[PDB]
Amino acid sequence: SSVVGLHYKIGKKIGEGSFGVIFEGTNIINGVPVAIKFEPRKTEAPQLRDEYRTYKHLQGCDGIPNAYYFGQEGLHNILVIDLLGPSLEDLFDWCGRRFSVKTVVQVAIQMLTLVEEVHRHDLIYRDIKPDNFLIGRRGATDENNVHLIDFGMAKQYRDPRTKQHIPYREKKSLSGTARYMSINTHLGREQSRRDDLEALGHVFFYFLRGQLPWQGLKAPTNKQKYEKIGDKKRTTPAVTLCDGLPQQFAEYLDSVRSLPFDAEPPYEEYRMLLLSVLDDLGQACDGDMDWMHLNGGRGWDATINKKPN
């Protein structure tokens, strides 16, 4: 049958890189579009169910899609959430692999708020990358707001009742994305709130510069390449990353790298710090984003942009 979870008609495939295939779909009661993820039920790393629980735990958070359904059908488990738009990596690419200072500040404070809400719900994200932050759909009220998906790497960092932080430990696996992950992650250290925010700082410099200086490194093995990347991170001062850029971005990176393991980050201080960039430059925080000017003011286009995607 073409309909799963009673109410969701399967449409075209829209990717498969995480655990399972992802499809578009439509709610056959109201026509609202959805994203549908399939996980093979006979898998040794069951993950979809825990992701449904994470979405349900974050229900009501701005920028976190609703999960409408989870169930088993045939040989698959199925999860259904809101359908969103292109990722920030997509939009970055279509804007020529550089975002303006204003667009970086504006997405940064939204990304800080998203990660803050994750943290307030006792979770760390552990897979920060521009590919997992998505905008909305064309014409929607949240068309150009930033959203966060893919919680397969998320983990509880504190007991929900007592707020007791997990213990520090080392010899952790190097799971994550080497371009953005924190220095602590390279060193096999248990991640905490500070590591999500340091990865954000790397993403901010990536958007501003167009590249990070630890891209393009060579080594015979993935393990040795990750190590060289971590080495480069440890030997590149934030003011060097920030050459010719507003120094608030260096101050942010140094700050979150200095956070104690169990410390609560001052999220609003960080947001005010980056907002002061716009004051310095005489700009307004008015929601105008680089990608809104693509294609003559029309916005991103499926055959000009998303087809090279």
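Note that residue numbering begins at 1 and tracks the sequence as displayed.
Engineer: Can you let me know which of the two, 150 to 158 or 94 to 102, has the higher average C-alpha B-factor in the entry?
Structural biologist: Between 150 to 158 and 94 to 102, it is 150 to 158.
Engineer: What stretch has the higher average Cα B-factor here, 65 to 73 or 278 to 286?
Structural biologist: The deposited B-factors put 65 to 73 ahead on the C-alpha mean.
Engineer: In terms of recorded Cα temperature factor, pick the maximum from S255, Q247, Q59, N27.
Structural biologist: Most elevated C-alpha B-factor of the set, per the entry: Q59.
Engineer: If you check the C-alpha B-factor for each of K218, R179, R126, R189 in the entry, which is highest?
Structural biologist: Answer, based on the entry's C-alpha B-factors: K218.
Engineer: Can you work out whether the C-alpha temperature factor of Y270 puts it in the lowest, middle or highest third of the chain?
Structural biologist: Within its chain, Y270 is a lowest-third residue by C-alpha B-factor, going by the deposited values.
Engineer: Can you tell me whether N145 has a C-alpha B-factor in the lowest, middle or highest third compared with the other modelled residues of the same chain?
Structural biologist: Lowest third - that is where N145 ends up once the chain's C-alpha B-factors are sorted.
Engineer: Taking the entry's C-alpha B-factors for this chain, is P260 in the lowest, middle or highest third?
Structural biologist: Its C-alpha B-factor, which the entry lists for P260, ranks in the middle third among residues of this chain.
Engineer: Taking the entry's C-alpha B-factors for this chain, is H202 in the lowest, middle or highest third?
Structural biologist: As the PDB entry reports it, the C-alpha B-factor of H202 lands in the lowest third of its chain.
Engineer: Test of reading the entry: by CA B factor among the chain's modelled residues, which third contains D231?
Structural biologist: It falls in the middle third of the chain.
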